[PDB]
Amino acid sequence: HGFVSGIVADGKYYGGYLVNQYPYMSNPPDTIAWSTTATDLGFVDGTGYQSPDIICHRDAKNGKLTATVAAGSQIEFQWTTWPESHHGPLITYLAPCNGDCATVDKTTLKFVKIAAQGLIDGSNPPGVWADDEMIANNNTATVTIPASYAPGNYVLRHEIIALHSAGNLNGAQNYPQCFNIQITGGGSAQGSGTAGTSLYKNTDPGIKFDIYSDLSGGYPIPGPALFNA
């Protein structure tokens, strides 16, 4: 099952929600990662884009702990094994908790896209994608928290969208993974957020997308606009 087993922030490792272990316990370890029930298929497809499952994945509940991270520094996400067939983008978001992330109602979170990578090279379909880069980087993805971002408590939502079946309506498969973070330092900037259940439609061009035919039209990364300044 492809999921995030842990992250590195401020040079410090935080173990994630081990979906292969923790669900099988009454009292799993505390983690900054949200708990999920995604022990079966492992994804949320287009039929679930307006369900609460798209927010933090299936039946997700708040993580108990929070990780500090300096604005302007990097977070590394460590993925477990990713199938080569599962080509697609990697997208990362922040939603402010305006309060404690351990108790925030996830249906109220409004996410800002802070990082996104798409089709890297489509010369030879199905091409080389963000997820391919992640695999080549020892199954790790890295993002930078914007240096200008306002200090505060945020849910960090990191997602792969696998496109191997995405020419089918509702065929794109989304793998969101959420973490509680506290951004320190920083500036006063914040993006305008989008509700989790408003991030994607099954008819979006980067959602209903054929990776196998000529890619001379590029790939339009889905979701709301990337934060800049």
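When you see a residue number, it is the position in the sequence shown, counting from 1.
For the two regions 156-164 and 188-196, the entry's Cα B-factors average higher over 188-196. Between 117-125 and 87-95, it is 117-125 that carries the larger average Cα temperature factor according to the deposited entry.
Sort the chain's modelled residues by C-alpha temperature factor and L41 lands in the highest third, per the entry. The entry lists a Cα temperature factor for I7 that places it in the lowest third of the chain's modelled residues. The PDB entry assigns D131 a C-alpha temperature factor belonging to the lowest third of its chain's modelled residues.
Residue-level temperature factors show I221 in the lowest third of its chain, judged at the C-alpha atom.
When the modelled residues of the chain are ordered by C-alpha B-factor, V19 sits in the highest third.
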